[PDB]
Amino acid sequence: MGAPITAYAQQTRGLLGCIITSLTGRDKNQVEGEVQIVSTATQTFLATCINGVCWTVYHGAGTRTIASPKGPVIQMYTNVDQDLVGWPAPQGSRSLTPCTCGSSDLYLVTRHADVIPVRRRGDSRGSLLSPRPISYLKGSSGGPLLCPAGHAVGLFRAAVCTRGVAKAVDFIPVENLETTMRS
């Protein structure tokens, strides 16, 4: 994978199918892609597969299990502090790989499959070069932040917005993903 970074989205389930599957915990659907649009009866957000693990934000997945074709799957990692949870990446998904170039120029992939430039202004923050209303970003928690070669730099967590417009975003650097695995 590399550049230019292009992304597309595909809906696979609807409101009722999601609820039944949520309860049954058995999803026999075909899974493809590196980023999965995820949902609970509460909210919808994203989960990103990095190195065989499907990572998402704790404030969305809480400590719930992921519905798989073999019943619910318990989390592999939970880290309330890092705001991370991770389940084994579903069979069929493709994983991203952590960044290894230290690029300061990141690209956040929204739930609508829009790639938006973000200039890193710290270990867990970056600013939108072209701000957007906070609604553009709703549902995007857990989504990936990539460097020019399409490697994971971090997972979108919260947006630093003011007056209703997101000007910057706070993310979970891929390093926390490592510290969360070792412990």
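Start at 1 with the first residue shown and count on from there.
Check the entry's C-alpha temperature factors for 39-47 and 151-159, then say which stretch has the higher mean.
In the deposited entry, the stretch with the higher C-alpha B-factor mean is 39-47.
Between 117-125 and 56-64, which has the higher average C-alpha B-factor in the PDB entry?
It is 117-125.
According to the Cα B-factor stored in this entry, which of the following is highest: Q75, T110, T100, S93?
Each of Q75, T110, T100, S93 was compared by C-alpha B-factor; the highest is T100.
Name the third of the chain's ranked CA B-factors that contains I20, choosing lowest, middle or highest.
Lowest third, going by the recorded CA B-factors of the chain.
CA B-factor ranking of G139, expressed as a third of its chain:
According to the entry, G139 has a C-alpha B-factor in the chain's lowest third.
C-alpha B factor of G33, ranked within the chain: lowest, middle or highest third?
Ranked within chain, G33 CA B lands in the lowest tercile.
Would you please rank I5 by its C-alpha temperature factor against the other modelled residues of its chain and give the third it falls in: lowest, middle or highest?
Its C-alpha B-factor, which the entry lists for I5, ranks in the middle third among residues of this chain.
State the tercile, meaning the lowest, middle or highest third, of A166 with respect to the CA B-factors recorded for its chain.
Ranked within chain, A166 CA B lands in the highest tercile.
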